[PDB]
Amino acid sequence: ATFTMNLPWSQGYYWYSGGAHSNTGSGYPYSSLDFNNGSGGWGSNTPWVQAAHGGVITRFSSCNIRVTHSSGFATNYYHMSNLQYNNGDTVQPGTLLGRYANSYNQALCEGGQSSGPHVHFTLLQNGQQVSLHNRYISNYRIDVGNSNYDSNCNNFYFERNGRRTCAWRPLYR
């Protein structure tokens, strides 16, 4: 079917999102969002992350997994642990992929930086990161800001039913 994404948690629940940023946090495009459910810092009871859509798995490492849709769009999930699938496996929307890591070393098993447990979520097409601007997730339109991680709610927000949800506010599926 047509590529459609859902927020990687259950209907009627909320997590929190930061502002849109590139995969590295510098430069363009703003392809990525950091999601967390507010469980706390390192060592806390971090949640399981659901596949935003169906597709074929690529497992890059113990902390880095991707779901590639039949359309060639894909979502990438970084800072992960307890990964449940291997290369070539098929998953459905909602499938539990793993947890986002509750330990600092596991979260950064391929490098990067982190201030606390979260999943770094990235949209790709043809294996290349692509901008989240004007893309949709759980029927929210994503409006990217004017710099990496920009959380100004006049610049960055999720919009559904004509109402905005800002970064660092309950984002309900």
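Quick note: we count residues from 1 along the sequence shown, nothing fancier.
The stretch with the higher mean CA B factor, choosing between 67 to 75 and 89 to 97, is 89 to 97. For the pair 24 to 32 and 116 to 124, the record assigns the higher mean C-alpha temperature factor to 24 to 32. Considering 56, 108, 142, 51 together, the PDB entry gives 108 the largest C-alpha B factor. Sorting the modelled residues of the chain by their CA temperature factor places residue 151 in the highest third. In the deposited entry, the Cα temperature factor of residue 14 places it in the middle third of its chain's modelled residues. In the deposited entry, the Cα temperature factor of residue 44 places it in the highest third of its chain's modelled residues.
In the deposited entry, the Cα temperature factor of residue 129 sits in the middle third of values across the chain's modelled residues. Sorting the modelled residues of the chain by their CA temperature factor places residue 2 in the highest third.
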